[PDB]
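Chemist: Just the structure for this:
(5 chains)
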Amino acid sequence: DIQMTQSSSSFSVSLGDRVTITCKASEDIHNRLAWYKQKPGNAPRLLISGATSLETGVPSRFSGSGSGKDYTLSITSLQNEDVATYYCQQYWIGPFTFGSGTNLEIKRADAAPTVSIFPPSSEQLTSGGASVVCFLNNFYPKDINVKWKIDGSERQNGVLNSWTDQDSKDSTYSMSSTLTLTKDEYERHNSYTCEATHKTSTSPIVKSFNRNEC
Amino acid sequence: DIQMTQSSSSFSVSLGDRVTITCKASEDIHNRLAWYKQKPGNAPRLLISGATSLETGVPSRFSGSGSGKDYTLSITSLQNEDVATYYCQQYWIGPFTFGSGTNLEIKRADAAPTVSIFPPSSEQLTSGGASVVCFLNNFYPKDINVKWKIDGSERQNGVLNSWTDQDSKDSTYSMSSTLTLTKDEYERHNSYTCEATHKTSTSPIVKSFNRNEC
Amino acid sequence: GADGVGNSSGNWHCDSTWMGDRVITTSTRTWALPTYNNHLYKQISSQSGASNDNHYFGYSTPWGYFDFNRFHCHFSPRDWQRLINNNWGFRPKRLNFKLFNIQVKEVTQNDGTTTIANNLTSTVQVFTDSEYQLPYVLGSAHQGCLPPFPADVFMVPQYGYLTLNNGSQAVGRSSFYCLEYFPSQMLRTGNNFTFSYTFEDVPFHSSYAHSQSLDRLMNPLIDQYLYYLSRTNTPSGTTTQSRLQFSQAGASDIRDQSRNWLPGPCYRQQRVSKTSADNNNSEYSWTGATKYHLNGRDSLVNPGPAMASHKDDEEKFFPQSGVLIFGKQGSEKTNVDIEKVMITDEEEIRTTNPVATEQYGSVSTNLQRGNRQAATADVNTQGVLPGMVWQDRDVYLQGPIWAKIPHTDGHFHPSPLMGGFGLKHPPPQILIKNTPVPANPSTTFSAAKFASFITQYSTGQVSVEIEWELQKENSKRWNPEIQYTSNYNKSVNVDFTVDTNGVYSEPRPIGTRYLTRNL
Amino acid sequence: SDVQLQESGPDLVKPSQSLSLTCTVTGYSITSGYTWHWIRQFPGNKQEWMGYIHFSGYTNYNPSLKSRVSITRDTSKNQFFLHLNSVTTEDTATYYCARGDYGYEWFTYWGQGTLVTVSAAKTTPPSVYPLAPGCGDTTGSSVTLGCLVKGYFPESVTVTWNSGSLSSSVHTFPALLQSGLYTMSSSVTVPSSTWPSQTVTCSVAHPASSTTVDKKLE
Amino acid sequence: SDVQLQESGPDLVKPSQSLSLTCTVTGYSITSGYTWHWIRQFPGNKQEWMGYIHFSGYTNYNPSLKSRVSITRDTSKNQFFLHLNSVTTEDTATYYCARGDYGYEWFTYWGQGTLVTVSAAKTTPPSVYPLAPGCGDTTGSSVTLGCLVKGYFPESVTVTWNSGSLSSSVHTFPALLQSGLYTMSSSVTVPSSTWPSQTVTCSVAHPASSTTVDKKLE
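Modeler: Numbers count the residues shown, from 1 in each chain, chains lettered A, B, ... in the order given. Okay, here it is:
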């Protein structure tokens, strides 16, 4: 099989900028190469075929070039619609093979996270479990940290953190952090706190609640 | 098309120093290469043509050399007039193509910024907006930081910072920082402060005003 | 021929000599040849959906071929001019070909850095299909012939062909020819490949324009003796009463004169004008263009049957597909604007063949009688008729030179329609490929097809000399003929010259009819 | 990013079992042109080409898959099918059907894709817990609520919100596996003047276990 | 840096429209020598050569542009013109006309350049706000004032100051786009003994919208 390798695994870019992606083949493809675009949670779409021919309806901003082993895809001025992962595909010989893909995150200004803490529900406590959650919504850049403290002391075990994909509109990120304990352990303490540490400040955004307040 | 690549993207230099810029062509130009100088907000001017011939009226300090693929422009002793971006151009074949350009910033001693804070105007407040501005004038080096604090707490959103080009005379830089909020949010606080952090000190230059002082 | 490594396998012959009756145009150029389809034959077809009129099925081959079916691969402006200015006609007689100084290089793209070097041993093999067992491609006005300008280096075209197809798919009868199934001769450096050909009695291309014309051909001074139908009805006091009377055609009568021969045939074309204005606004590029159709796919009728491109005073017009059109050096591939092309004009014929845009004549429809007016109708398509006579499309320096007459049960007057010489057995197709170079194989055996070869291409020069015959002028015409000249007035660039950046360019298309012979 | 075509099939399949998917095409006829292909994407990211069926009905398969793949077609229905036998865990992926502008080029139209998970691991429905404010202060202008969807297995659940406000901000957090089970969450922000006042409910659907649980907030 | 030649033309053009610019030359005749060229610079920085017209009237164009560019001349007026059809946003740039010492070398004289923006984005005039000291202390030796020019679109505004002092220090801050609109500012420092005492006014001109707004400080 012919192996295709794509250059940058990921790029971040904003509307208006020019981006270039590269794809090289293990053997001479003879311009039988196509480029596809894939949005998150979406299927791929055909941008270019024959290395340089634009598919119908594709905007002129997209262009492709290359020959032999190396090909390139260029986007003159990025548009919001442009966020997606791009794959190159060779159809010189079977089996057809795809490149690893390049993720283009288009989306911005720094934004501090809106933080919210949530105690365990009665339904979960009934089943013997106890999960405390903290949502850190609409922030940028992506890198963020959450510290869980039970009665002032950190807790490292029982944590699940999930970041969302970059927002297609405002280009911010959100993160959900859940600390799971048993109902027994949970009822052994009062104050539950999550501290969000982000670039937008020196002092962490801190939220908490006391288990005997109800 | 023949592609021209210019070496240093940017150089900083002071009057009297010697500077050298390089330009290389994708293919043999045969000394059909010219050098141009362009000041900010100004159009380009012809320094040298034929790789080594000085244009009439050009000072002897400028000189060019090269052959084949690689050419170089040298300025023996920089003059104040010399600040500008320099481009090489090939006229071996059509279409004529230019290099990316090299920015020569000529202008110096460290200088702390003169800082000024300005409240929103009545005219803007009338329209429902509220922009607070801080001018940080005549400083060096270029790198500087402005922190906006509303009632003591930092504010990261709604900021526009613009640096000027290096001053053609004193070689310093100035920067304008605007924090835009809505009139509603603005009237929710009293003290507005901008802290300027620069190389010239450990303690930031701080300016501020209280919204109920009028 | 054969020899060593430090030995030029041939010299550079690029002259042109006139002998009064013959004239030999020798010519050599440097070329280059890559390795196509990465060494394999690939099946190829139309794009599934694509309009039916555009389907196809066939193959592309790792083989590249040679071609000089363009007059300017042999004539140099000047030369051509000599010819074209003092000869009632001319034709090709024999030729001689030779490839030599072949050299095989091998590029090495190690990381960010390529490095070409000599692969001395490796070979390039050539072979001429002298038995015409291969789909004759040349003659199809393809582009990849020789550079008009010597100094120009060129790339060799790749061989591909087409068989039968039922839409985008193959049909059994369709054949698949394999180029290795021939006995290629293998050249290594110090090796050359020569071969020679001889043309077959063909007619001298008529390189003259006619002074008389079919209609105006008899002698003014004398009225004929045959009578024609002058009038039908006649004055009867107030009213006319039918009474046919006849007259004897004279000079004043001319239009009515009796004759002996008919204009060439025709196939009506739409008229368009060089003047944007006039032209109806819309898309009748395809919809309105004259065409024909086989097996349900309408194809275009380009280079329509030879017929004059515009009546007197209308150099501004032309057929939609009745003329030859070349690009001005540089002109891009598609939808380029009128200003980027050079359109040929065939007014010179007017005298014998019909005008492309206007009907042949007009035949009568009904049979008249007292209670029935005389009908009539114009004819837009007239197939050959006895007594018809005509002229074939002129040639043009940068035009085709010849074309193979298809092997069929029947042909009718084979002057190729795109113009040129119609040959039964034309100059055989010459092919060339680079014997593959298996790059490093694995120690342990595998019976799979080899797929990893050494990256490499070839180069070297090629030479073609051809002997043409001539028919010299000979008219008692007193007053000066027309000749082809170059403009006197100053110009920023000489015609048929290299610009400031050394880019040779042909300013205009140059025909062949200048000298004037009577009809 | 964008396209047309629809795939259908079971979300869950037991290992040694066979996977069968159907692709229904609209706006075009399976005969008369184009080859219809099947491609799959493992959860990591890569795309892999499985094989195709021509308008004429001829098929070609990827050599890796060839032994256990079969592609067929039903012209009447305008559908083409994929059958993959002897499924393994590695087979878990999103399967797409796509059209191939044929002759010279490739895949012009793609389907939405269907996620297929191969597990015996046992199919487990999620436990859905409402996330309502825990603090000693009444909300300001707007309020954020959520729903934790915990301990389910075959991937893919869908959280749908129902609120009073015709304007809201929703965040669906990507599911992550820990100790062999999936957990995910979702949040919604609405005007404070519309929640305790007007009911907000999250509806969680887990097709793999034929479950759907609605949790009202508060 | 320095030169001569002047370009003129509209600052704003709608997309599919055609751009027409004129270059008027003085101190030299368009005929008799030299080729007159057109070059453009995108806001980022690069220079691109569009094409030229010879003294004889012959023209050559860049292949990229060739299909939609036309260069003509009016000898009587001593002007040469540029026409670019089917303009796109990419066409936004500063356009320069230049003379080419011909034969061996190139561009001896250049024009000032004219900025042309291609936008439908809608042309929007700026809101000009006066920046006067906000503090509880009277100024020392000199005072800094300014003017914020906010939310306008087609680039290029010109802030001109008018003060009592015949000596001042002015800073024009480069315009920057945020959310599809431009914002810029300018500052002036004058002797404290001349401001509240003698009027200072900023005049802001935005040719694209045929506007000019003067704001007196204080």
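
Chemist: got the residues of chain A near chain B?
Modeler: Counting by C-beta under 8 Å from any C-beta of the partner chain, chain A comes close to chain B at A:109, A:110, A:111, A:112, A:200, A:201. C-beta coordinates here come from the backbone N, C-alpha and C atoms, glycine included.

Chemist: would TSV of these with distance to chain C be doable?
Modeler: Output for the residues of chain A next to chain B, formatted as TSV (distance: C-beta to the nearest C-beta, whole Å):
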residue	distance to chain C
A:109	37
A:110	37
A:111	40
A:112	43
A:200	40
A:201	43
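
Chemist: Which of those are buried? Put it as a PyMOL command.
Modeler: PyMOL command restricting those to the buried ones, with burial defined by 16 or more other C-beta atoms under 10 Å in any protein chain shown:
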select buried, chain A and resi 111+112+200
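
Chemist: is residue A:178 in a bridge, and if so with what?
Modeler: Beta-bridge pairing for residue A:178 (DSSP bridges): residue A:133, residue A:160.

Chemist: on that earlier part again, adding distance to residue C:168 and secondary structure, write the residues of chain A next to chain B out as TSV.
Modeler: Listed next are these as TSV, based on distance: C-beta to C-beta, whole Å; DSSP: H, G, I helix; E, B strand; the rest coil:
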residue	distance to residue C:168	secondary structure
A:109	53	coil
A:110	56	coil
A:111	54	strand
A:112	59	coil
A:200	59	coil
A:201	64	coil
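
Chemist: Pick the one among the residues of chain A next to chain B closest to chain D.
Modeler: Closest approach to chain D among the residues of chain A next to chain B (C-beta to the nearest C-beta): residue A:111, at 13.8 Å.

Chemist: Identify the residue spatially nearest to the closest one, adjacent ones excluded.
Modeler: Closest residue to residue A:111 in three dimensions, ignoring its sequence neighbours and counting by C-beta to C-beta, 6 or more residues apart in numbering or on different chains: residue A:140, at 4.7 Å.

Chemist: thinking that neighbour is in contact with residue A:172, fair?
Modeler: Yes: taking C-beta atoms under 8 Å as the definition, residue A:140 is a contact partner of residue A:172 at 5.0 Å.

Chemist: Look up the residues that both of those two are in contact with.
Modeler: Common contacts of residue A:140 and residue A:172 (C-beta atoms under 8 Å, 6 or more residues apart in numbering or on different chains): A:108, A:111.

Chemist: Looking at the residues of chain A next to chain B, which one is closest to residue B:28?
Modeler: residue A:109 (47.8 Å; C-beta to C-beta).

Chemist: ok, and the closest non-adjacent residue to the closest one?
Modeler: Of all residues not flanking residue A:109 in the chain, residue B:157 sits nearest, at 6.3 Å (C-beta to C-beta, 6+ apart).

Chemist: try residue C:393
Modeler: For residue C:393, the closest residue by C-beta to C-beta, 6+ apart turns out to be residue C:419, at 3.7 Å.

Chemist: Please tell me how far the nearest residue to residue C:349 once chain neighbours are set aside sits from chain E.
Modeler: Distance criterion C-beta to C-beta, 6+ apart; nearest residue to residue C:349, sequence neighbours excluded, is residue C:308 at 4.3 Å. The gap separating residue C:308 from chain E is 33 Å, by C-beta to the nearest C-beta, to the nearest Å.

Chemist: same check, this time on residue C:348
Modeler: In this view, residue C:348 and chain E are 30 Å apart by C-beta to the nearest C-beta.

Chemist: Contact partners for residue C:247?
Modeler: Neighbours of residue C:247 in contact, by C-beta under 8 Å, 6+ apart: C:227, C:228, C:230, C:253, C:256.

Chemist: wait, which of the residues of chain A next to chain B is closest to residue E:114?
Modeler: Nearest member of those to residue E:114, counting by C-beta to C-beta, is residue A:109, at 32.6 Å.

Chemist: shouldn't that closest one be in contact with residue A:140?
Modeler: Yes: using C-beta under 8 Å, residue A:109 is in contact with residue A:140, at 7.0 Å.

Chemist: Specify the beta-bridge partners of residue 37.
Modeler: Since you didn't name a chain, this refers to chain A. Taking DSSP bridges as the rule, residue A:37 bridges to residue A:45, residue A:86.

Chemist: could you do chain D instead?
Modeler: residue D:52, residue D:98.

Chemist: Now for it: which residues touch it?
Modeler: Counting by C-beta under 8 Å, 6+ apart, residue D:37 has contacts D:49, D:50, D:51, D:52, D:53, D:97, D:98, D:99, D:100, D:107.
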